[PDB]
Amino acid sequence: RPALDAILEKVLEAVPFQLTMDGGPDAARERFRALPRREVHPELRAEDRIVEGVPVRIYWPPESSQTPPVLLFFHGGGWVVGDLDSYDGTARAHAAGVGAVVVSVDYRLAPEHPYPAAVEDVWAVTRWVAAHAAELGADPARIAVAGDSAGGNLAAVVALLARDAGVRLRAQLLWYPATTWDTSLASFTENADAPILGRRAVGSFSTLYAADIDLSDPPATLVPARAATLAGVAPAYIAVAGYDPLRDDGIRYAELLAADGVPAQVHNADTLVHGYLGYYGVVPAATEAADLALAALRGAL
């Protein structure tokens, strides 16, 4: 309804990127790895570790008098592409903005390891941090989960696993996630041919991740919106994008949570596209929208 952001549109014309399966997974991962990215907060301490067999990268916030909270970050990329390096900047932005130790999880990727491999990896690291976070200098009593796109789906699913296993999450930050698999929502039609993610790509990556799941009654670990109840999971901030086919997905997920009594905040950056964290520190409207969600999560921790 409001126009696509003017700076965003100049950026999208200089480097037009489309998330698609074209050329196979290796070409797709290469197109995503090759996008030019601004380095964000490079001073921050980072370390590589392996946690319960899952490769991880750990970031520390600016050292302060207080012991920081810990946040698990689940990168996006349609459950197929993405890695610690192309998300390095995004993880650092979370670390500085939330003031938290951030654990970026390098989960297994489809199609080589389809559903539920990603869930097992992000969950294993979430279990490990909830018990061993002080070993990093973080407060294990202050934990949250964050994820974008496919990683937003992983973050919403991990919060249900955490509620049922007794892991206390104080918040879940969902950047433009894929929680419902409802293609009938309005944004899938309004934004079917949108700049970063279209409706074909949404359907393609779901099939590569979980081709053999009957979606008439799928498990909640695939579609978090289909859980018996969403009551009891950590409060939600859902950052949604106007020109994204998944916009109404996140907004619907906010409605289902509130109907189950869950504290839920949804913000719609109506002038932005899917994956606007990739423009952090580049597209001003993207940094501002990102900084809002980062601030709310700073308070809840």
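Start at 1 and count along the sequence shown; that's the residue number.
A.B. asks: Per the PDB record, is the mean Cα temperature factor higher over 273 to 281 or over 19 to 27?
C.D. replies: If you average the C-alpha B-factors of 19 to 27 and of 273 to 281, the larger mean comes out for 19 to 27.
A.B. asks: According to the deposited model, is the average Cα temperature factor higher in 100 to 108 or in 133 to 141?
C.D. replies: Going by the record's values, the stretch with the higher mean is 133 to 141.
A.B. asks: Per the coordinate record, which of the options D260, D249, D244, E47 holds the highest CA temperature factor?
C.D. replies: In this record, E47 carries the highest C-alpha B-factor of the candidates.
A.B. asks: Quiz for you: based on the deposited Cα B-factor, which of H41, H267, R57, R33 is highest?
C.D. replies: If I rank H41, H267, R57, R33 by C-alpha B-factor, first place goes to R33.
A.B. asks: Looking at the temperature factor on the CA atom of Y209, which third of the chain's modelled residues does it land in?
C.D. replies: Its C-alpha B-factor, which the entry lists for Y209, ranks in the lowest third among residues of this chain.
A.B. asks: Give the position of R92 by CA B-factor within its chain, expressed as the lowest, middle or highest third.
C.D. replies: It belongs to the lowest third of the chain when residues are ordered by C-alpha B-factor.
A.B. asks: Is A236 in the lowest, middle or highest third of its chain when residues are ranked by C-alpha B-factor?
C.D. replies: For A236, whose C-alpha B-factor we compare with every modelled residue in the chain, the answer is the lowest third.
A.B. asks: Split into thirds by Cα B-factor across the chain's modelled residues, where does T126 land: lowest, middle or highest?
C.D. replies: Ranked within chain, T126 CA B lands in the lowest tercile.
A.B. asks: Per the entry's values, where does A171 land by CA temperature factor relative to the rest of its chain, in the lowest, middle or highest third?
C.D. replies: Answer is highest: the recorded C-alpha B-factor places it there.
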